[PDB]
Amino acid sequence: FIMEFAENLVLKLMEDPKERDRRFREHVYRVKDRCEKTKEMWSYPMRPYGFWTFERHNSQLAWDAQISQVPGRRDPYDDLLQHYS
Amino acid sequence: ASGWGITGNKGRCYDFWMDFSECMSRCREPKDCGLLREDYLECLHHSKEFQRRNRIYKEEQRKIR
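So the protein sequences, as listed, match chains A and B. Read in order, the letters of the first sequence correspond to residues 1 to 85 in the numbering used here. Read in order, the letters of the second sequence correspond to residues 86 to 150 in the numbering used here.
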């Protein structure tokens, strides 16, 4: 009965071939999906397309529109007309 | 270019600079503002106008010769 117990213990050891194959397939599919995702992540250029339209990059326009009435940068005719009216 | 002029008034072509900046902010492609960038640089350095005056002067001098 010692050999029978040893065989049962060895069978309790090892791994289920069905579970091993399923895990292998799942792991390979996951790696393939993630690697194509990382390749498309790397494919993007460093300079974005819309960077010239971004609000953060176009920060001078708002400030200068706010500050356009300061005497240091006024159009002379604007000052003339505001004096006239 | 900032609008702070050298004599306390509006800059010489801060208006040109702002036209170029608005074009760049609202443009689909940066080459669309090539004309306005050329205008801003031409105001900055007067290169094209000076070249035109120089070739007019050259023609005048060579006609004299």
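Note that CB positions come from ideal geometry on N, CA and C, so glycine has one too.
#1: How far does the alpha helix (DSSP H) with residue 68 of chain A in it extend, from its first residue to its last?
#2: Strictly below 8 angstroms CB to CB, what residues from chain B border residue 42 of chain A?
#3: Measuring alpha carbon to alpha carbon, tell me which residue in A:72, A:85, A:39 and A:56 is nearest residue 95 of chain B.
#4: Taking the Cβ atom as the reference point for each residue, do residue 110 of chain B and residue 38 of chain A lie within a distance shorter than 8 angstroms?
#5: What are the boundary residues of the alpha helix (DSSP H) that residue 141 of chain B is part of?
#6: In the structure shown, what three-state DSSP assignment does residue 94 of chain B receive?
#7: Would you say residue 143 of chain B lies against chain A (beta-carbon separation less than 8 angstroms)?
#8: Below 8 angstroms, can you find three or more Cβ-Cβ pairs linking the segment 53 to 62 of chain A to the segment 101 to 110 of chain B?
#9: Identify every residue that forms a DSSP beta bridge with residue 74 of chain A.
#10: What residue ranges within the segment 15 to 47 of chain A form continuous alpha helix (DSSP H) runs of no fewer than 4 residues, ordered along the chain?
#11: Taking only beta-carbon positions, decide if residue 48 of chain A is within less than 8 angstroms of chain B.
#12: If we cut at 8 angstroms on Cβ distances, does residue 39 of chain B have a partner in chain A?
#13: For a cutoff of 8 angstroms on Cβ pairs, would you count residue 69 of chain A as touching chain B?
#14: Looking only at DSSP bridge pairs, what is residue 89 of chain B linked to?
#15: Over the uninterrupted alpha helix (DSSP H) stretch that includes residue 13 of chain A, give me the two end residues.
So, to answer that:
#1: As a position in the first sequence, residue 68 of chain A is number 68, starting the count at 1. Element bounds for residue 68 of chain A: n/a, residue is neither H nor E.
#2: Looking up residue 42 of chain A in the first sequence gives position 42. Neighbours of residue 42 of chain A across chain B, judged by C-beta separation under 8 angstroms, do not exist; the nearest C-beta is about 24 angstroms away.
#3: Residue 95 of chain B sits at position 10 when you count from the first residue of the second sequence. Put simply, of A:72, A:85, A:39 and A:56 the residue whose alpha carbon is nearest the alpha carbon of residue 95 of chain B is A:72.
#4: What you label residue 110 of chain B is simply residue 25 of the second sequence in a count that begins at 1. What you label residue 38 of chain A is simply residue 38 of the first sequence in a count that begins at 1. No. Outside cutoff.
#5: In the second sequence, residue 141 of chain B corresponds to position 56, counting from 1. Looking at the DSSP string, the run of the alpha helix (DSSP H) that includes residue 141 of chain B is 132 to 149.
#6: Indexing the second sequence from 1 puts residue 94 of chain B at position 9. Three-state DSSP puts residue 94 of chain B in a strand.
#7: Indexing the second sequence from 1 puts residue 143 of chain B at position 58. Not closer than 8 angstroms to any Cβ of chain A, the Cβ of residue 143 of chain B fails to qualify, so no.
#8: Cβ pair count under 8 angstroms is three or more, so yes.
#9: By 1-based counting over the first sequence, the position of residue 74 of chain A is 74. Here residue 74 of chain A is bridged, per DSSP, to B:94.
#10: At a cut-off of 4 residues, the continuous stretches assigned as alpha helix (DSSP H) that sit fully inside the segment 15 to 47 of chain A are 17 to 42.
#11: The sequence position of residue 48 of chain A within the first sequence is 48, counting from 1. With 8 angstroms as the cut-off, residue 48 of chain A does not count as an interface residue toward chain B.
#12: Because chain B here runs from 86 to 150, residue 39 of chain B falls outside it and cannot be looked at.
#13: Counting from one through the first sequence, the residue named residue 69 of chain A turns up at place 69. Residue 69 of chain A does not count as touching chain B.
#14: Translated into positions along the second sequence, residue 89 of chain B becomes position 4. Its beta-bridge partners are B:95.
#15: Mapped onto the first sequence, residue 13 of chain A falls at position 13. For residue 13 of chain A, no alpha helix (DSSP H) segment is defined, and its DSSP state is neither H nor E.
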